[PDB]
Structure formats: C-alpha cells, structure tokens
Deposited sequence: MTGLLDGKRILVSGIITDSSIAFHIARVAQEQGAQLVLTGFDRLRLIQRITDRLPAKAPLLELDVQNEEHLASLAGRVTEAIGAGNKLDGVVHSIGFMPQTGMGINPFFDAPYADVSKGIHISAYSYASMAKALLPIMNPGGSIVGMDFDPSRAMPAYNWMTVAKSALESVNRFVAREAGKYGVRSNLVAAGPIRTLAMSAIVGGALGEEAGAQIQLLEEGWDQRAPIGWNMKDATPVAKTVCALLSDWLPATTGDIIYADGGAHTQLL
C-alpha cells in the first residue's frame, strides 16, 4: 500500500516531462493516488506528456487568468471524478514572470503590467484555485503550492522573487479559509531544478551549502516532499513552508 491510497488529488502545472508537476504526479500515482490534471494552453502536447505517466487521469483546461475557467472548475472536476466524490489534495505548481521582470533585464526596467501578470499567475492564482476547489474538498485534505525561498534578494530572479513573497503571504491567508473546511495549505520551497555565469554560481553554492547536497537534475526529492504534505503524516502543519532545498537555506557558507 502507498502513501496516498484512495486519495483523489488535482495536479496543475504539467507542461513537459521535466516539469516539477510531472514528477509530483508520477510519484503520487506510484503511491496509489487518483489524479485529475489541469493544463494551460498547449493541451495537445500535455496529453502526450501525461500519457508517459504511470496511470490514466482526466485532463482539464485551466488558465488561472481565465475567469470562466475558474467558475466552472468545481463542476468540471466533479464530472471527472464522479459526482459525490471529492478531492483530498490540490497541487499548485504554476508560476510565470515575463523576461522583462526576470533574468538579465534590470529590476527597474520591468513595467507593471508585466509584473502584474506574473503576480496574477504565480501568487493570486493560489487563492482563486483554493476558492474554486475548497467547496469540493474533504476534511483532512491538503492544498500545496510551489515556492522558491524569497527571504533574500538574489540576481536574475528579480520580480519572480517578489511574486514568491506575495505567494507566501497569500498561503498564510488561504490557510485561514482552508481551515474552515479542515484542509491544510502549505508551500514546498524547493531548491533549483533543471527543468549566465552568475546563475551557475547560485546553483553551485546550493549543492555546496546543502549539508546533504543538492542535485539539480533530480526532481524526485521535491515531488516526495509534496506527497508528504498531501498525505496524512503532516496533519498539524498549515499556513506553512517546507524547504526541500538540501538544507541550503539553513547555511550561510
């Protein structure tokens, strides 16, 4: 028997097989979880991608900017898992920031519409997804979104850092809401995962700072962590952040 046996879990954020949500999905199904999956735009592609998953799973469309997608999302899931059934888990692995706000572009050159669009997608959508889905979730359930420690500024990450700080603050509020349904809300703050010279420097220090090391080619440790929060072995943790970063954020040098 597996970690997530009989639990019905919605996973968003699969675009390729390198996506963190592919591995979360992969590992959740390995542990006996019944998935519903959502995707944004390139649906034809992600049909073939999610076929490379261990088990079959209905695939729905969900642009988190789209207001019709959100209002219909409860009924579409319910149809997909069968009326009378409910979700025990929800995975948010969605994030986007335009290259105007992340990377080489100077922090001060990002226009607000672009920053606004990235904050919409990477932080606010955690609330509106929880809002869509909370009415069709069982007590004991668990919502989990993906994070990248924003405690300190770093190069490149720029406005995506700022989006992740907003996400964290959003997580604490969603938990207030989720808790009235007896449902937990947490973030997994992951280390860098391989989905210019400066960026190599960060990733390098990550493995060096990590007391147990950090392999950027391996997404499984993060998938596992998420399934831990989706399981029942972490039942008194909510509003919170769990770090799957090799322990790097706990070490200065």
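Comparing the deposited sequence with the modelled residues, the stretches lacking C-alpha coordinates are 1, 197-211.
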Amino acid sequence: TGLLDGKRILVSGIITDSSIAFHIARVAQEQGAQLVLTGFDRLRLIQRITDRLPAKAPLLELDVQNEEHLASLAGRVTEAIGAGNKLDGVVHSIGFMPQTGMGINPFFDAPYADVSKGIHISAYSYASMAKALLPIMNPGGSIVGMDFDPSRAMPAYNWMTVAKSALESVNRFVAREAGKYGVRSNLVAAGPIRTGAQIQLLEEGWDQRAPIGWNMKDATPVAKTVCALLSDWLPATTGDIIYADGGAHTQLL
From here on, numbers count along this sequence of modelled residues.
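Here, rigid core means the biggest group of C-alpha atoms that superpose within 1.5 Å across both forms.
A fit on the rigid core, followed by a root mean square over CA positions in 8 other deposited structures of this protein, ranks 40-48 against 27-35 and picks 40-48 as the more shifted one.
Annotation for 219-227 versus 201-209: the higher mean temperature factor (C-alpha) is found in 201-209.
For the segment pair 29-37 and 184-192, the entry gives 29-37 the higher mean B-factor, averaged over Cα atoms.
The maximum CA B-factor among the listed residues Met146, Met137, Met102, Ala132, taken from the PDB record, is found at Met102. The PDB entry assigns its highest CA temperature factor, among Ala110, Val91, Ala83, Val162, to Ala83.
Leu3 sits in the highest third of its chain by CA B factor, as recorded in the PDB entry. Ranked against the other modelled residues of its chain, the C-alpha B-factor of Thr78 as given in the entry falls in the highest third.
When the modelled residues of the chain are ordered by C-alpha B-factor, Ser12 sits in the middle third.
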